[PDB]
Every structure is written in structure tokens, then in C-alpha cells.
$ cat target.txt   # compact mmCIF, C-alpha atoms and all ligand atoms
# COMPACT_ATOMS: atom_id res chain seq x y z
CA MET A 1 30.01 4.96 0.80
CA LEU A 2 27.92 2.88 -1.62
CA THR A 3 28.18 -0.92 -1.84
CA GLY A 4 26.41 -1.54 -5.07
CA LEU A 5 22.97 -1.75 -6.55
CA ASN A 6 20.28 -2.28 -3.96
CA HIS A 7 17.18 -2.34 -6.14
CA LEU A 8 15.81 -1.35 -9.51
CA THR A 9 12.44 0.30 -9.61
CA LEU A 10 10.31 0.64 -12.76
CA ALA A 11 7.18 2.68 -13.29
CA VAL A 12 4.39 0.51 -14.83
CA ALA A 13 0.97 1.47 -16.17
CA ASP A 14 -0.51 -2.07 -16.03
CA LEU A 15 0.75 -3.81 -12.97
CA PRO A 16 -0.78 -7.27 -13.73
CA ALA A 17 0.72 -7.16 -17.20
CA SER A 18 4.17 -6.29 -15.87
CA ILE A 19 4.05 -8.96 -13.14
CA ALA A 20 3.13 -11.54 -15.78
CA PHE A 21 6.04 -10.50 -18.12
CA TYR A 22 8.79 -10.45 -15.44
CA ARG A 23 7.54 -13.55 -13.54
CA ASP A 24 6.18 -15.84 -16.29
CA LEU A 25 8.19 -14.77 -19.30
CA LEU A 26 11.52 -13.77 -17.71
CA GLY A 27 11.62 -16.12 -14.72
CA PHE A 28 11.65 -13.62 -11.85
CA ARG A 29 10.15 -14.76 -8.53
CA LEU A 30 7.18 -12.86 -7.23
CA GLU A 31 7.88 -12.25 -3.59
CA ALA A 32 5.02 -9.81 -2.93
CA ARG A 33 2.13 -8.00 -4.50
CA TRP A 34 -0.11 -5.14 -3.48
CA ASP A 35 -2.65 -2.82 -4.99
CA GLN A 36 0.08 -0.39 -6.01
CA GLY A 37 3.13 -2.59 -6.71
CA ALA A 38 5.16 -5.71 -6.60
CA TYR A 39 8.51 -6.90 -5.48
CA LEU A 40 10.35 -9.56 -7.53
CA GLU A 41 13.74 -11.22 -7.24
CA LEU A 42 16.14 -12.63 -9.81
CA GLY A 43 19.37 -13.98 -8.40
CA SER A 44 20.45 -11.13 -6.16
CA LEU A 45 18.49 -8.50 -8.11
CA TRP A 46 15.59 -6.89 -6.23
CA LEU A 47 13.03 -5.58 -8.68
CA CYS A 48 10.09 -3.47 -7.82
CA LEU A 49 7.28 -2.52 -10.06
CA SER A 50 5.58 0.64 -9.00
CA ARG A 51 2.05 1.16 -10.42
CA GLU A 52 1.56 4.49 -12.06
CA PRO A 53 -1.70 4.23 -14.24
CA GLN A 54 -1.35 7.33 -16.66
CA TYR A 55 2.33 6.22 -17.14
CA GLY A 56 3.24 6.58 -20.77
CA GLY A 57 6.58 4.79 -20.79
CA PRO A 58 10.09 6.18 -21.13
CA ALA A 59 11.26 8.74 -23.52
CA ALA A 60 13.26 7.61 -26.49
CA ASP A 61 16.90 7.38 -25.36
CA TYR A 62 19.74 4.98 -24.60
CA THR A 63 18.90 4.25 -20.96
CA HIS A 64 18.56 0.50 -20.45
CA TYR A 65 18.74 -2.48 -18.01
CA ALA A 66 20.69 -5.63 -18.90
CA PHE A 67 20.30 -9.03 -17.28
CA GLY A 68 22.87 -11.85 -17.42
CA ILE A 69 22.46 -15.17 -19.25
CA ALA A 70 24.86 -18.14 -19.86
CA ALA A 71 26.17 -18.61 -23.28
CA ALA A 72 24.42 -21.95 -23.48
CA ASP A 73 20.95 -20.46 -22.86
CA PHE A 74 21.13 -17.39 -25.17
CA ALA A 75 19.72 -18.76 -28.43
CA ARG A 76 16.74 -20.41 -26.75
CA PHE A 77 15.93 -17.31 -24.76
CA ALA A 78 16.06 -15.13 -27.83
CA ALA A 79 13.97 -17.68 -29.79
CA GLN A 80 11.38 -17.94 -26.97
CA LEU A 81 10.82 -14.21 -26.61
CA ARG A 82 10.66 -13.69 -30.35
CA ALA A 83 8.03 -16.51 -30.51
CA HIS A 84 6.07 -14.73 -27.83
CA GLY A 85 6.03 -11.49 -29.93
CA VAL A 86 8.28 -9.34 -27.79
CA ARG A 87 9.44 -6.28 -29.65
CA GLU A 88 13.14 -5.55 -30.18
CA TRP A 89 14.78 -2.03 -29.95
CA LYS A 90 18.35 -2.71 -31.09
CA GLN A 91 20.36 -5.09 -33.09
CA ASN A 92 23.61 -6.41 -31.56
CA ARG A 93 26.95 -4.97 -32.73
CA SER A 94 29.08 -5.19 -29.48
CA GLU A 95 31.09 -7.93 -27.71
CA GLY A 96 29.19 -10.98 -26.35
CA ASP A 97 25.70 -12.11 -27.43
CA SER A 98 22.91 -9.65 -26.62
CA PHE A 99 19.14 -9.63 -27.23
CA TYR A 100 17.58 -6.11 -26.85
CA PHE A 101 13.88 -6.17 -26.04
CA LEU A 102 11.07 -4.06 -24.66
CA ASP A 103 8.88 -4.68 -21.60
CA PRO A 104 5.14 -3.81 -21.45
CA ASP A 105 5.68 -0.08 -20.84
CA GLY A 106 8.61 0.25 -23.30
CA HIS A 107 11.40 0.06 -20.72
CA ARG A 108 14.49 -1.08 -22.63
CA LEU A 109 15.86 -4.48 -21.53
CA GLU A 110 18.80 -6.59 -22.59
CA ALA A 111 19.90 -10.20 -22.08
CA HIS A 112 23.69 -10.26 -22.30
CA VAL A 113 26.42 -12.92 -22.27
CA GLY A 114 29.52 -11.44 -20.72
CA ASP A 115 30.54 -9.05 -18.02
CA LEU A 116 32.66 -5.88 -17.36
CA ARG A 117 35.89 -7.84 -17.37
CA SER A 118 35.17 -9.53 -20.74
CA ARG A 119 34.08 -6.26 -22.33
CA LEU A 120 37.27 -4.55 -21.15
CA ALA A 121 39.40 -7.35 -22.46
CA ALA A 122 37.84 -7.15 -25.98
CA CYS A 123 38.07 -3.38 -25.86
CA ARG A 124 41.79 -3.39 -25.12
CA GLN A 125 42.13 -4.99 -28.59
CA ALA A 126 39.52 -2.99 -30.54
CA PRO A 127 39.09 0.47 -28.99
CA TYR A 128 36.03 2.65 -29.36
CA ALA A 129 37.04 6.11 -30.65
CA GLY A 130 39.47 7.54 -28.07
CA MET A 131 39.45 4.85 -25.37
CA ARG A 132 41.36 5.38 -22.11
CA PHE A 133 41.73 2.63 -19.46
CA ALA A 134 42.28 2.91 -15.70
CA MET B 1 17.45 -18.65 -17.67
CA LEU B 2 18.45 -15.12 -16.64
CA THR B 3 20.87 -14.82 -13.68
CA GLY B 4 20.71 -11.30 -12.34
CA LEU B 5 21.52 -7.74 -13.34
CA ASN B 6 24.40 -7.62 -15.74
CA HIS B 7 24.67 -3.81 -16.26
CA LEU B 8 22.82 -0.53 -15.82
CA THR B 9 23.13 1.99 -18.73
CA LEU B 10 22.15 5.67 -18.39
CA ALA B 11 21.88 8.30 -21.11
CA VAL B 12 23.92 11.42 -20.27
CA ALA B 13 24.11 14.82 -21.96
CA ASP B 14 27.44 15.96 -20.50
CA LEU B 15 29.85 13.05 -20.23
CA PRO B 16 32.58 14.90 -18.28
CA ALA B 17 29.95 16.02 -15.76
CA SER B 18 28.38 12.60 -15.18
CA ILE B 19 31.78 10.96 -14.82
CA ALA B 20 32.79 13.48 -12.18
CA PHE B 21 29.42 12.91 -10.36
CA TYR B 22 29.56 9.06 -10.25
CA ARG B 23 33.29 8.81 -9.56
CA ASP B 24 33.99 11.62 -7.08
CA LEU B 25 30.68 12.23 -5.52
CA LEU B 26 29.33 8.66 -5.38
CA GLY B 27 32.63 6.82 -5.33
CA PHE B 28 32.32 4.62 -8.36
CA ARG B 29 35.62 3.52 -9.86
CA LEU B 30 36.15 4.72 -13.46
CA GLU B 31 37.28 1.65 -15.48
CA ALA B 32 37.24 3.20 -18.98
CA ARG B 33 36.18 6.28 -20.94
CA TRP B 34 35.78 6.95 -24.73
CA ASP B 35 34.36 9.67 -26.95
CA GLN B 36 30.82 8.41 -26.49
CA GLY B 37 30.77 6.85 -22.99
CA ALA B 38 32.24 5.30 -19.88
CA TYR B 39 32.26 2.14 -17.82
CA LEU B 40 32.30 2.50 -14.02
CA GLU B 41 32.23 -0.11 -11.26
CA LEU B 42 30.76 -0.18 -7.75
CA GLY B 43 30.87 -3.44 -5.85
CA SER B 44 29.47 -5.84 -8.44
CA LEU B 45 27.48 -3.08 -10.27
CA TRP B 46 28.71 -2.34 -13.80
CA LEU B 47 27.54 1.15 -14.69
CA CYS B 48 27.59 2.41 -18.25
CA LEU B 49 27.26 6.05 -19.31
CA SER B 50 26.12 6.61 -22.91
CA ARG B 51 26.64 10.13 -24.27
CA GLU B 52 23.63 11.69 -26.02
CA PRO B 53 24.37 15.41 -26.36
CA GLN B 54 20.77 16.53 -26.76
CA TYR B 55 19.34 14.29 -24.06
CA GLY B 56 17.07 16.19 -21.75
CA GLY B 57 16.69 13.79 -18.81
CA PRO B 58 13.84 11.37 -18.10
CA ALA B 59 10.16 12.34 -17.72
CA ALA B 60 8.59 12.56 -14.27
CA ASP B 61 7.67 9.13 -13.01
CA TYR B 62 8.71 6.73 -10.27
CA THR B 63 11.47 4.92 -12.23
CA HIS B 64 14.65 4.98 -10.13
CA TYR B 65 17.92 3.30 -9.26
CA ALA B 66 18.88 2.55 -5.57
CA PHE B 67 22.47 1.86 -4.27
CA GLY B 68 23.21 0.06 -0.98
CA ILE B 69 24.74 1.92 1.98
CA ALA B 70 25.52 0.82 5.58
CA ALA B 71 23.43 2.33 8.34
CA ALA B 72 26.50 3.88 10.00
CA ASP B 73 27.51 5.67 6.78
CA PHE B 74 24.06 7.01 5.98
CA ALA B 75 23.94 10.40 7.77
CA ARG B 76 27.31 11.37 6.48
CA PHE B 77 26.51 10.52 2.81
CA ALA B 78 23.25 12.54 2.88
CA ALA B 79 24.92 15.36 4.67
CA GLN B 80 27.71 15.38 2.14
CA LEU B 81 25.52 15.43 -0.97
CA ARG B 82 23.27 18.12 0.45
CA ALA B 83 26.36 20.29 1.09
CA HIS B 84 27.47 19.76 -2.60
CA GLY B 85 24.10 21.14 -3.77
CA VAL B 86 22.43 17.93 -4.91
CA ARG B 87 18.65 18.18 -5.49
CA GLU B 88 16.23 15.72 -3.78
CA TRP B 89 13.13 14.28 -5.43
CA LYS B 90 11.42 12.40 -2.61
CA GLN B 91 11.43 12.15 1.21
CA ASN B 92 11.69 8.84 2.90
CA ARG B 93 8.57 7.15 4.24
CA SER B 94 9.29 3.41 3.95
CA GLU B 95 11.32 0.86 5.86
CA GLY B 96 15.01 1.78 6.13
CA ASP B 97 16.78 5.13 5.78
CA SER B 98 16.76 6.41 2.24
CA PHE B 99 18.08 9.57 0.62
CA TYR B 100 16.58 10.31 -2.87
CA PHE B 101 18.64 12.52 -5.15
CA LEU B 102 19.02 13.42 -8.79
CA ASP B 103 22.01 13.03 -11.00
CA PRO B 104 23.12 15.75 -13.43
CA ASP B 105 20.63 14.70 -16.14
CA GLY B 106 17.82 14.15 -13.71
CA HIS B 107 17.95 10.39 -13.38
CA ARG B 108 16.39 9.50 -10.10
CA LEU B 109 18.71 7.92 -7.57
CA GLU B 110 18.49 6.53 -4.02
CA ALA B 111 20.93 5.49 -1.30
CA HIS B 112 19.15 2.85 0.87
CA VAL B 113 19.81 1.04 4.18
CA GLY B 114 18.26 -2.42 4.13
CA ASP B 115 17.38 -5.06 1.50
CA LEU B 116 14.41 -7.17 0.20
CA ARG B 117 14.51 -9.54 3.22
CA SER B 118 14.45 -6.63 5.66
CA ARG B 119 11.65 -5.07 3.68
CA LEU B 120 9.53 -8.24 3.52
CA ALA B 121 10.00 -8.58 7.34
CA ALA B 122 8.57 -5.11 7.95
CA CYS B 123 5.71 -5.57 5.40
CA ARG B 124 4.34 -8.72 7.05
CA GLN B 125 3.93 -7.01 10.40
CA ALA B 126 2.46 -3.99 8.55
CA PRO B 127 1.03 -4.65 5.06
CA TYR B 128 0.50 -2.18 2.25
CA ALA B 129 -3.05 -2.09 0.83
CA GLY B 130 -4.08 -5.64 -0.21
CA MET B 131 -0.60 -7.10 0.18
CA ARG B 132 0.11 -10.74 -0.33
CA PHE B 133 3.38 -12.66 -0.09
CA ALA B 134 4.03 -16.11 -1.39
MN MN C 1 23.81 -2.66 -22.79
MN MN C 2 13.34 2.76 -4.03
TL TL C 3 25.74 -9.56 -6.40
TL TL C 4 12.14 -0.65 -2.84
TL TL C 5 26.65 -7.03 -26.94
TL TL C 6 27.47 -2.43 -21.72
TL TL C 7 24.31 4.57 -27.69
TL TL C 8 13.11 3.64 2.61
$ encode --input "target.txt" --output "C-alpha cells"
Amino acid sequence: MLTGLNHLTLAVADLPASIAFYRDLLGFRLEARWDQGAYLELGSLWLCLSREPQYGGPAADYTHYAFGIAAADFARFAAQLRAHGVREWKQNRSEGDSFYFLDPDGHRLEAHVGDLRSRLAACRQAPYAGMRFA
Amino acid sequence: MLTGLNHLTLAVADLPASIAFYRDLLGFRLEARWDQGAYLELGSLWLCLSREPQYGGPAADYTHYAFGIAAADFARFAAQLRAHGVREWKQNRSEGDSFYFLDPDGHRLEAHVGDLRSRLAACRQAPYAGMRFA
């Protein structure tokens, strides 16, 4: 029996580049670094970057990782990353503010205002095609 | 500005199949289902499944998603998944018991005993190549 997410691990071709992005641009804390990886923390999230040199990034699909942000900080976050030249991969069409951006290898990230409970609430009013609740 | 992990989204080719895997085999609670996806919950983890009928699973790299498990439940979980025919993608060699298995699309998963604190404790006494804390 599982208790939740324990850690998220991303393959990275350029370790120094990825540490810089997550620590300096996104605000993660660098807890450890070694020749082949790094461990960072953000709130309770344990992130690990695992160096893998010929890594060519993910394939083109919907898999992505969303981080929380308070409503009051959204606009400034989005403005800051855009000013830094981060590339976006999706435009927001779903409940709560969301900014959809890529990391150095092309891993798909998201900064989202909202949670499961708020998404479910909005859904109960405006169902996606064929929605069942339970 | 960011606060933590808000949600994990995985692309899935066969929605019925992935739902059955996460709910029954891993014990996630199914909160909602629609023609193109599902929302499941485990502890504070919000898992989203996004249907992509032609999706062929990720490429081969170290990107993976680990879920927490208590030391006393570990053997049983591993034993159970092995009996159900789940395929493994790695053998444990780092601090804390870990079982590394694939989902139906080939996303790489992990059930892990321990956390960042426990890992940092072990690393100090035995550092990886060129490790540094801070
Ligand atoms: Mn999302
Ligand atoms: Mn791991
Ligand atoms: Tl948490
Ligand atoms: Tl780890
Ligand atoms: Tl959204
Ligand atoms: Tl979502
Ligand atoms: Tl999608
Ligand atoms: Tl381990």
C-alpha cells in the first residue's frame, strides 16, 4: 500500500543547466550535487536530476509535471519566465490559471493555481465529454 | 513562488487498462473518468491520465515516478505485483528498499521505502562520486 508520491526523477543531458533552471529560475533548493546527479526540494517535493549525456529529451506527448502556485503570484511568475525566454508548449483552456513551459531537456512543466478538489467542483458544472464521478 | 507538486499527468494508450492498473493494482482512488481521461488520488498525489490512442510509451531513459511505501508493506507489494505479471526495469542498489516496475504504457515506476532526509543521511556517511551537500 502506497502513501503518495515519494520523488520525481528526470533524465537530463546537461546537469549544470538543469540545476540552474530548477534552483535559480524556479526556486527549488539544492540539497546535494554529484558528478552524475542532483537532489532538490520544493515544499515536500523531492526532485532528482539524473545525468544522462546523450539524452535527447522526451517524446512528443501529453505527459507532464505541474507545480502549485498561489493565485497572487501567477502573473509575475508567468511574466518572469517569459522575460527569461522560456518556451511554452500549451495555451491554457482549463479551470484555474496555468502556465505551460519547457525545461532544458524539453520535459513539460506547468505552474497551476488550483487543486483536485477545485477542478472537480468546476467539472461538476461543465463536464468533459462523458464525465462520471465517484 | 512555487509550492510543491500540484499534479502528475501521464499519457496512456488504453484508458480502461491504465485505470484498472492504478486503481486496483496500485490502490489509487478513482475520482473521475471521461472520454479522454481520468483523475485519481493517492494520499495528496493527484494523478491524471490523458488518453492518446496512438501513444507508444516513453523512450528508454532514467525518467521515473516513485511512490512511498512503509517498510513493513514492502515485501508484500513486490510479491503481489510480480505474481500479477508486472515487468521490472531496474534492480535496487541505493539506500532503502525499492521495487521498479512498468505501467501498461511503459512509464517507469518505483515503490520506495525512505525519503530525502533518510537518503541524505546515508549519502554523507558514503558519498557518490564528487558529492557535495549544502
Ligand atoms: Mn496539467
Ligand atoms: Mn528513484
Ligand atoms: Tl504533501
Ligand atoms: Tl531518488
Ligand atoms: Tl488550467
Ligand atoms: Tl490536471
Ligand atoms: Tl491532452
Ligand atoms: Tl533504493
$ residues_near_ligand --input "target.txt" --ligand "ligand TL 5 (chain C)" --cutoff "8 Å" --atoms "only C-alpha atoms and all ligand atoms" --output "PyMOL selection string"
chain A and resi 92-99+112-113
$ residues_near_ligand --input "target.txt" --ligand "ligand TL 6 (chain C)" --cutoff "9 Å" --atoms "only C-alpha atoms and all ligand atoms" --output "VMD selection string"
(chain A and resid 66 94 to 95 112 115 to 116 119) or (chain B and resid 6 to 9 39 46 to 49)
$ closest_residue --input "target.txt" --among "B:17, B:38, B:121, B:69" --to "chain A" --atoms "all atoms listed in the file"
B:69
$ closest_residue --input "target.txt" --among "B:2, B:32, B:42, B:79" --to "ligand TL 3 (chain C)" --atoms "only C-alpha atoms and all ligand atoms"
B:42
$ closest_atom_pairs --input "target.txt" --of "chain B" --to "ligand TL 7 (chain C)" --cutoff "10 Å" --atoms "all atoms listed in the file" --output "CSV"
residue,atom,partner,partner_atom,distance
B:9,CA,C:TL7,TL,9.4
B:10,CA,C:TL7,TL,9.6
B:11,CA,C:TL7,TL,7.9
B:36,CA,C:TL7,TL,7.7
B:37,CA,C:TL7,TL,8.3
B:49,CA,C:TL7,TL,9.0
B:50,CA,C:TL7,TL,5.5
B:51,CA,C:TL7,TL,6.9
B:52,CA,C:TL7,TL,7.3
$ atom_distance --input "target.txt" --atom1 "atom CA of residue 72 of chain A" --atom2 "atom CA of residue 88 of chain A"
21.0 Å
$ atom_distance --input "target.txt" --atom1 "atom CA of residue 78 of chain B" --atom2 "atom CA of residue 124 of chain B"
28.8 Å
$ residues_around --input "target.txt" --residues "residue 43 of chain B" --least-positions-apart "6" --cutoff "9 Å" --atoms "all atoms listed in the file" --output "list in words"
residues 2, 3, 4 and 5 of chain A; 28 of chain B
$ atom_distance --input "target.txt" --atom1 "atom CA of residue 70 of chain A" --atom2 "atom CA of residue 19 of chain A"
23.7 Å
$ closest_residue --input "target.txt" --among "B:76, B:108, B:84, B:64" --to "ligand TL 4 (chain C)" --atoms "all atoms listed in the file"
B:64
$ closest_residue --input "target.txt" --among "B:83, B:123, B:129, B:109" --to "chain A" --atoms "all atoms listed in the file"
B:129
$ decode --input "target.txt" --residues "segment 27-105 of chain B" --atoms "C-alpha atoms" --output "PDB file, in the first residue's frame"
ATOM      1  CA  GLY B  27      -4.683   1.301  -4.934  1.00  0.00           C
ATOM      2  CA  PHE B  28      -5.294   4.783  -6.203  1.00  0.00           C
ATOM      3  CA  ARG B  29      -8.835   6.043  -5.712  1.00  0.00           C
ATOM      4  CA  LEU B  30     -10.651   6.850  -8.984  1.00  0.00           C
ATOM      5  CA  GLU B  31     -12.217  10.329  -8.541  1.00  0.00           C
ATOM      6  CA  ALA B  32     -13.476  10.877 -12.117  1.00  0.00           C
ATOM      7  CA  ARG B  33     -13.348   9.467 -15.644  1.00  0.00           C
ATOM      8  CA  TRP B  34     -14.326  10.948 -19.081  1.00  0.00           C
ATOM      9  CA  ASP B  35     -13.927  10.021 -22.732  1.00  0.00           C
ATOM     10  CA  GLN B  36     -10.375  11.327 -22.829  1.00  0.00           C
ATOM     11  CA  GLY B  37      -9.026  10.805 -19.289  1.00  0.00           C
ATOM     12  CA  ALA B  38      -9.236  10.274 -15.553  1.00  0.00           C
ATOM     13  CA  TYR B  39      -8.352  11.841 -12.245  1.00  0.00           C
ATOM     14  CA  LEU B  40      -7.094   9.540  -9.467  1.00  0.00           C
ATOM     15  CA  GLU B  41      -5.920  10.290  -5.934  1.00  0.00           C
ATOM     16  CA  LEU B  42      -3.326   8.713  -3.639  1.00  0.00           C
ATOM     17  CA  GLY B  43      -2.578  10.432  -0.364  1.00  0.00           C
ATOM     18  CA  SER B  44      -2.005  14.004  -1.543  1.00  0.00           C
ATOM     19  CA  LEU B  45      -0.949  12.916  -5.089  1.00  0.00           C
ATOM     20  CA  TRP B  46      -3.356  13.983  -7.835  1.00  0.00           C
ATOM     21  CA  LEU B  47      -2.788  11.680 -10.795  1.00  0.00           C
ATOM     22  CA  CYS B  48      -4.140  12.488 -14.220  1.00  0.00           C
ATOM     23  CA  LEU B  49      -4.416  10.032 -17.120  1.00  0.00           C
ATOM     24  CA  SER B  50      -4.624  11.612 -20.587  1.00  0.00           C
ATOM     25  CA  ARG B  51      -5.804   9.296 -23.375  1.00  0.00           C
ATOM     26  CA  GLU B  52      -3.685   9.322 -26.550  1.00  0.00           C
ATOM     27  CA  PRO B  53      -4.722   6.275 -28.587  1.00  0.00           C
ATOM     28  CA  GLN B  54      -1.561   6.035 -30.658  1.00  0.00           C
ATOM     29  CA  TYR B  55       0.852   6.700 -27.814  1.00  0.00           C
ATOM     30  CA  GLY B  56       3.660   4.201 -27.773  1.00  0.00           C
ATOM     31  CA  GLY B  57       5.175   4.726 -24.313  1.00  0.00           C
ATOM     32  CA  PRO B  58       8.234   6.776 -23.367  1.00  0.00           C
ATOM     33  CA  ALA B  59      11.753   6.270 -24.783  1.00  0.00           C
ATOM     34  CA  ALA B  60      14.401   4.489 -22.716  1.00  0.00           C
ATOM     35  CA  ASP B  61      15.912   6.837 -20.187  1.00  0.00           C
ATOM     36  CA  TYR B  62      16.032   7.267 -16.429  1.00  0.00           C
ATOM     37  CA  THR B  63      12.878   9.439 -16.081  1.00  0.00           C
ATOM     38  CA  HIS B  64      10.626   7.852 -13.460  1.00  0.00           C
ATOM     39  CA  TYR B  65       7.959   8.349 -10.823  1.00  0.00           C
ATOM     40  CA  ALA B  66       8.385   6.910  -7.238  1.00  0.00           C
ATOM     41  CA  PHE B  67       5.512   6.312  -4.704  1.00  0.00           C
ATOM     42  CA  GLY B  68       6.057   5.992  -0.934  1.00  0.00           C
ATOM     43  CA  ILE B  69       5.534   2.666   0.857  1.00  0.00           C
ATOM     44  CA  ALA B  70       6.109   1.589   4.504  1.00  0.00           C
ATOM     45  CA  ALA B  71       8.930  -0.841   5.170  1.00  0.00           C
ATOM     46  CA  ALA B  72       6.534  -3.439   6.611  1.00  0.00           C
ATOM     47  CA  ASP B  73       4.360  -3.382   3.464  1.00  0.00           C
ATOM     48  CA  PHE B  74       7.233  -3.613   1.012  1.00  0.00           C
ATOM     49  CA  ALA B  75       7.753  -7.384   0.539  1.00  0.00           C
ATOM     50  CA  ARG B  76       4.090  -7.985   0.094  1.00  0.00           C
ATOM     51  CA  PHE B  77       3.634  -5.237  -2.558  1.00  0.00           C
ATOM     52  CA  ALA B  78       6.583  -6.523  -4.645  1.00  0.00           C
ATOM     53  CA  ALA B  79       5.457 -10.060  -4.243  1.00  0.00           C
ATOM     54  CA  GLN B  80       1.974  -9.131  -5.324  1.00  0.00           C
ATOM     55  CA  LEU B  81       2.952  -7.242  -8.473  1.00  0.00           C
ATOM     56  CA  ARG B  82       5.384  -9.935  -9.538  1.00  0.00           C
ATOM     57  CA  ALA B  83       2.573 -12.516  -9.221  1.00  0.00           C
ATOM     58  CA  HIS B  84       0.299 -10.287 -11.443  1.00  0.00           C
ATOM     59  CA  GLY B  85       2.970 -10.367 -14.186  1.00  0.00           C
ATOM     60  CA  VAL B  86       4.339  -6.841 -13.881  1.00  0.00           C
ATOM     61  CA  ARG B  87       7.663  -6.227 -15.685  1.00  0.00           C
ATOM     62  CA  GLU B  88      10.669  -4.720 -13.805  1.00  0.00           C
ATOM     63  CA  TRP B  89      13.093  -2.221 -15.309  1.00  0.00           C
ATOM     64  CA  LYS B  90      15.776  -1.883 -12.651  1.00  0.00           C
ATOM     65  CA  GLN B  91      17.102  -3.685  -9.539  1.00  0.00           C
ATOM     66  CA  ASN B  92      17.650  -1.829  -6.355  1.00  0.00           C
ATOM     67  CA  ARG B  93      21.140  -0.686  -5.405  1.00  0.00           C
ATOM     68  CA  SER B  94      20.594   2.506  -3.383  1.00  0.00           C
ATOM     69  CA  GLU B  95      19.502   3.367   0.129  1.00  0.00           C
ATOM     70  CA  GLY B  96      16.088   1.947   1.037  1.00  0.00           C
ATOM     71  CA  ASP B  97      14.107  -0.932  -0.476  1.00  0.00           C
ATOM     72  CA  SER B  98      12.818  -0.144  -3.929  1.00  0.00           C
ATOM     73  CA  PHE B  99      10.833  -2.128  -6.473  1.00  0.00           C
ATOM     74  CA  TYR B 100      10.990  -0.710 -10.062  1.00  0.00           C
ATOM     75  CA  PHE B 101       8.136  -1.652 -12.363  1.00  0.00           C
ATOM     76  CA  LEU B 102       6.466  -0.545 -15.564  1.00  0.00           C
ATOM     77  CA  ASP B 103       2.934   0.535 -16.111  1.00  0.00           C
ATOM     78  CA  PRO B 104       0.885  -0.637 -19.110  1.00  0.00           C
ATOM     79  CA  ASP B 105       2.348   2.021 -21.454  1.00  0.00           C
TER      80      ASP B 105
END
